[PDB]
Each structure stands twice: as structure tokens, then as C-alpha cells.
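1. before I ask anything, here's the sequence and the deposited coordinates:
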Amino acid sequence: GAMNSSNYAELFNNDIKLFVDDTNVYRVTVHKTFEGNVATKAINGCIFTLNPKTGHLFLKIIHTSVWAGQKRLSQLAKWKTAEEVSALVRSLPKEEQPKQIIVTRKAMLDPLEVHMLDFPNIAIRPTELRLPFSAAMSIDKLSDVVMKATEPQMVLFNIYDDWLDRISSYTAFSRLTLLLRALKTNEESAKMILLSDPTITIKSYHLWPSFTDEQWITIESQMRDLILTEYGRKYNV
Amino acid sequence: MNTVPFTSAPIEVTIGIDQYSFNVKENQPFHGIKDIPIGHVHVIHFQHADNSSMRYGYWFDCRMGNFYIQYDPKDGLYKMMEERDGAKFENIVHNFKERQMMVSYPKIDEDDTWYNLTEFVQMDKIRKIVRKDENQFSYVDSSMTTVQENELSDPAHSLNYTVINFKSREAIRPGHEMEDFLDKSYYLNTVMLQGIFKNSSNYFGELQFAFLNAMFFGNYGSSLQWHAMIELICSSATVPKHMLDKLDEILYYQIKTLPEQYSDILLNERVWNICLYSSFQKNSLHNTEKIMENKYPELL
Ligand SMILES: O=C(COc1cccc(F)c1)NC1CC1
């Protein structure tokens, strides 16, 4: 059924699974109109679909043109998410199709289940984890490809860069969620932490900087601090 | 007017005939039920004094043969039978009526309740839901499961209601996933009405039969089926106007007749609130919404 702390190691077994986060699919800026009314303007979005074991990220970019002339866009966005995830699964060879899809928001369950009626062996699951995947657009290179897109487009990334050469997927996911939590709680501090030192670069083919093992521990500690911090500043503790 | 005579009444039992019921005491001189209105299906049902577990009963139509009840001390229940010999039936029944050992079906002449609950119920269709083809009458009890319930174990003792499942390839057209899940008109009108039921009368008749099995036997799967068939209409943007008008009448009399003390288990809060307040047809069930709100405002 639902996914929580009791079964956190299931993510890193050998059953193919994908997380799907739809929080950045329908994005808007809200503004005043000349008549003093309020209007929205949509901007490009993305479906964040991620294999937590391999780090493979199927970033489906949602171009604003898909909303043209449509009604109830927050609701359409969920079904559009489901449609595009269903399309991805169908494009993958059978031995690459997930055995489970885990949705980060419960409102995605019915839209995805309906789109995947053709795949009755694929389990559609919620989670009780509060995962920070909405902060994916704080990753500069992901944000860049979404905002530059002029048409619908799937871009493939490895959100772990080369980390799996040195650490396990359990540790790689925990780093990723720590980084994304930090970016979500205080993006500027998080980004300052990551890029303060000019001598640690981000390789062209990577998303994150080329930290050594020792540097990652310092970074990880600095991001923990940030998250405990902002939690004070928030709750005055 | 027709008669369901009894051999005797050897065990204390509450007997129901349609929406009426009376207590018969162990070995009381009871020999059946008379003046039963022709033209309607009927149900005669039982709840033993000793074991309130298992309400059970027999759907039947007096036009389809002469029926008598004889308790079976081996199987432990009141069984419906057919007397092949028409002459013996008249001779035994007349004997019983002269000695006044029968209760009279007690219909008030103003009262259309039973008609209104059974308007579209036909014995021929009942027998396709309750498969026991050697008998003209159909047995139902509390514990009988439905075909869909056995998909989620004895196939012969099942209620073969039409399977309705909103998240099914039957209900959802490829490429219309969102359209068809949020507006079930395709499933109601094309799949179910045009495809399976053929007309709204068959649809309504199953719906009414499901309700009556739920109310009379506390048959849980019947209750599920009645609610599903309401929801399938309420969740369709496009429903013929006469079907909605009739549905409002149907439900009105069902809600009117439900025992007040059983509303907590026969009425599904989620379905009713959705149908009355959120669904496409939220404004289309004036009579039903009015009785529901004056009789069971708690549910809403
Ligand atoms: O028992 C009966 C008939 O029993 C009846 C028939 C008609 C009305 C009635 F009250 C009782 N036939 C053969 C012996 C088994």
C-alpha cells in the first residue's frame, strides 16, 4: 500500500520502481491586469519521474502550449501527468518497465491508475514521506532546460551524477533528499553552501559539484545545519 | 388475489411478505397468506426466533404457478415449493380459508408503496440474477455474495448482478481516460444502457431488486450494487430527462420505506453526499434530496 519509514529500504531493492512528482507540472505567475483584476500566466513545467536505485530521471517538460484553451488546469495537470507517465512506461522495453510507481501526492493515484489499467501488474502507490522533489527546479541545469523548451520534450538525467561509483543508492538518495530539502527550506543559503568555493566545479555532464568524499561530509553537515537552522528561525527555537 | 399456503409453522419465526411482517409462535396454527395482489412480484421472507442470523426468503410471482411453504426439519428452514396438481392446491387452500387459518395481505387501498418499489422488477430478470432454473421462484439470503464479490466462492449460490467498476477498461475509453472517469456518460449510456441492459427499465429493475435484497436480507453485496447503480447515473453529465425523473421517484420511495433504525448500515454516506451535493445530477433529484434531508440529515 503506502510507502513510509518502515519500508524505506524497499526503494533500493532490485524491483524496478519510479517515483512520480507532479508539483511542477502546472506552474503560473499571478499578476494584475490593466483593469486591476488578477490573472495567471503559465510557465513551462516538468514531470519529475525518478528511479531511486539508478538515479535515472525522466524529466518530461510540459510546454505552456498544452494548456492553451483548456479549463480546470490544476485538474488537467494531474491527468496530463498520468498520461505522460503511461506513455513513458509503454515506450520502455518490458524488462525495463517498473513494477511499482510511487506518487508523491495522493491526488495522482486515481489519474495514474486509470491511465495504467492496461498494466494491472504495475502497483500504483502513495507515500507518507514528505519528499522534497518540488525543489527539483532549484537545480540550475534542470530549471534551464525547462525554461528554454519551446515544445514538449523528454530529457534524461542521472540525478546522482557519478555518486554510485562510490556510495550505495541508499546513501545517494539520502544525499539527494538532503540537498533538495535544503534547497526547499532556504534556496539561497543552500546554493551558497554548494557553490561558495570556486575551485569545486560542476562537470559539464553533471548536475552537482565534483566534491570529494571528505567535501561531501562537510557539505552534508552544512545542509543539516541549514535545515535545523531555518527550523529555528521559523519556530523561534 | 392469490395465496401462499403453509403445511404448518413448526418453529417460531418472523414472517415478512413484501414490506409487512408478523410473528408466528412455535407450532401456532398458521397456514399461510392470502389476498396477495396479482400483478406484482412478491417476496416472502423469514427470520427464525432462535437464530436471528440468516434472514432468507423467496421472490415469486403468483401468476407463474401455485406455491406453498413446508418447513424442512433436516435443512432447518421454511422452503418454498410448487404443487404441480392444480386441483389439490385449490382443495387444500379452500380448506385453509374456510377454517380461517391465513393472514390477509394487508394492503391499504391508497397505498402504492409496493408498486413503487417494484415498478421495473420482473421475475424473468430476477431468475437471471439468482440462478436456480428448476424453480419458478428465487431464494435469497443475507450471506449470498455477488459475482463481483467473488472476483475480489460457491458460484451456484451467488447473486449475478451486472458488474459495474469505475476503474475498468470497460468503463474507460482509451484516450478518454480523464473524460470518461470524471463524466461516466459513456459507461452509463453506451456500455450499460445500450450494451448490457438494452433499456432503462431493465437497469432500474436490477437497481430496485438490489435495494430490496439489501433492505430485506441485509445482503451487503446487494447494498453495494444499489449504490453503484445510483452513482453511475449521478456521475454522468448526460442522462435522459425521463431517467432522472424516474430515478428521483424510485429513490424517493426507497428512502421513504427504509426502516429508520437501519439507515446507518444501508446508506453509504459518501455516495449519497456525492450524488446529492457534488455530482452532475446534484440538482436533479428534488424529491429524493428533500426526503433525505428531512429524514436523515445526520448522514449529510
Ligand atoms: O406435501 C405435499 C403438498 O403439500 C401441500 C400442498 C399445497 C399446499 C399445502 F399447504 C401443502 N405434496 C407431496 C407430499 C409432498
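-> Yep, that arrived. Numbers count the residues shown, from 1 in each chain, chains lettered A, B, ... in the order given.
2. going by C-alpha atoms from here, please, whenever you check contacts or count neighbours.
-> Will do.
3. if I look at residue B:157, how far off is the ligand?
-> Between residue B:157 and the ligand the distance is 25 Å, computed by C-alpha to the nearest ligand atom, to the nearest Å.
4. and if you look at residue A:73?
-> Distance from residue A:73 to the ligand, counting by C-alpha to the nearest ligand atom: 69 Å.
5. what comes up buried for stretch A:65-84?
-> Going by neighbour count (16 or more other C-alpha atoms under 10 Å in any protein chain shown), the buried part of stretch A:65-84 is A:73, A:76, A:77, A:78, A:79, A:80, A:81, A:82, A:83, A:84.
6. kindly report the same for stretch A:20-29.
-> Judged by neighbour count using 16+ other C-alpha under 10 Å, the buried positions of stretch A:20-29 are A:20, A:21, A:22, A:23, A:24, A:25, A:26, A:27.
7. stretch B:107-124 now?
-> B:113, B:114, B:116, B:117, B:118, B:119, B:120, B:121, B:122, B:123.
8. end-to-end on stretch A:127-147?
-> End-to-end distance for stretch A:127-147: 29 Å, by C-alpha to C-alpha, to the nearest Å.
9. before we move on, back to that, restrict the buried residues of stretch A:65-84 to those near chain B?
-> Of the residues in the buried residues of stretch A:65-84, proximity to chain B by C-alpha under 8 Å from any C-alpha of the partner chain holds for residue A:79.
10. that older thread, using TSV, lay out the buried residues of stretch A:20-29 together with distance to residue B:174 and secondary structure.
-> Putting those into TSV (distance: C-alpha to C-alpha, whole Å; DSSP: H, G, I helix; E, B strand; the rest coil) gives the following:
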residue	distance to residue B:174	secondary structure
A:20	22	strand
A:21	24	strand
A:22	22	coil
A:23	25	coil
A:24	26	coil
A:25	23	coil
A:26	24	coil
A:27	27	strand
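11. if we can go back for a sec, farthest pair within the buried residues of stretch A:65-84?
-> A:73 and A:84 (15.7 Å; C-alpha to C-alpha).
12. how much space between the closest residue to residue B:283 other than its chain neighbours and residue B:236?
-> Distances taken as C-alpha to C-alpha, 6 or more residues apart in numbering or on different chains put residue B:276 closest to residue B:283, at 7.4 Å, once the chain neighbours are dropped. Residue B:276 sits at a distance of 13 Å from residue B:236 (criterion: C-alpha to C-alpha).
13. which secondary structure element is home to whichever residue of chain A sits closest to the ligand?
-> Relative to the ligand, the nearest point of chain A is residue A:120 (53.4 Å; C-alpha to the nearest ligand atom). Using DSSP states H and E, no element contains residue A:120; it sits outside every helix and strand.
14. can you tell me the centre-most residue of chain B?
-> For chain B, the residue nearest the mean C-alpha position is residue B:212 (2.5 Å; C-alpha atoms, centre = their mean).
15. other SSEs contacting the helix or strand containing that residue?
-> Using DSSP H and E, residue B:212 falls within helix B:200-217. The contact analysis (3 or more C-alpha pairs under 8 Å, 6 or more residues apart in numbering or on different chains; DSSP states H and E) places helix B:200-217 against helix B:113-118, helix B:123-129, strand B:138-141, helix B:220-234, helix B:241-257.
16. residues in contact with that helix?
-> B:45, B:54-56, B:117-122, B:125-126, B:140-142, B:161, B:193, B:197, B:219-223, B:225-226, B:229-230, B:243, B:247, B:250, B:254, B:258, B:266 (C-alpha atoms under 8 Å, 6 or more residues apart in numbering or on different chains).
17. filter these to the buried ones?
-> B:45, B:54-56, B:117-122, B:126, B:140-142, B:161, B:193, B:197, B:219-223, B:225-226, B:229-230, B:247, B:250, B:254, B:258, B:266.
18. distance of residue B:197 relative to residue B:190?
-> Distance from residue B:197 to residue B:190, by C-alpha to C-alpha: 10 Å.
19. hmm, I typed the wrong one, I wanted residue B:237.
-> 13 Å.
20. burial of residue B:268, as a residue count?
-> Residues near residue B:268, counting by other C-alpha atoms under 10 Å in any protein chain shown, number 14.
21. what's the domain layout of chain A?
-> Domain assignment for chain A by CATH domains of a matching chain gives A:9-163, A:164-237.
22. all helices in the chain, in order from the N-terminus.
-> With no chain named, the answer covers chain A. Assigned by DSSP state H, chain A shows helices spanning A:73-91, A:109-115, A:140-148, A:169-185, A:187-195, A:213-235.
23. try again with chain B
-> For chain B, helices defined by DSSP H occupy the ranges B:86-98, B:113-118, B:123-129, B:177-182, B:185, B:200-217, B:220-234, B:241-257, B:263-266, B:269-273, B:286-295.
24. identify each buried residue in the first one, please.
-> Same thing as helix B:86-98. Result for helix B:86-98 [16+ other C-alpha under 10 Å]: buried residues B:89, B:93, B:96, B:97.
25. I'd like the residues you listed laid out as JSON lines, including distance to chain A.
-> JSON lines is the format used below for the buried residues of helix B:86-98 (distance: C-alpha to the nearest C-alpha, whole Å):
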{"residue": "B:89", "distance to chain A": "57"}
{"residue": "B:93", "distance to chain A": "59"}
{"residue": "B:96", "distance to chain A": "61"}
{"residue": "B:97", "distance to chain A": "61"}
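26. which of these sit farthest apart?
-> Going by C-alpha to C-alpha, the pair spanning the buried residues of helix B:86-98 furthest: B:89 and B:97, at 12.1 Å.
27. kindly report the residues of chain B close to chain A.
-> B:167, B:168, B:169, B:172, B:177, B:178, B:181.
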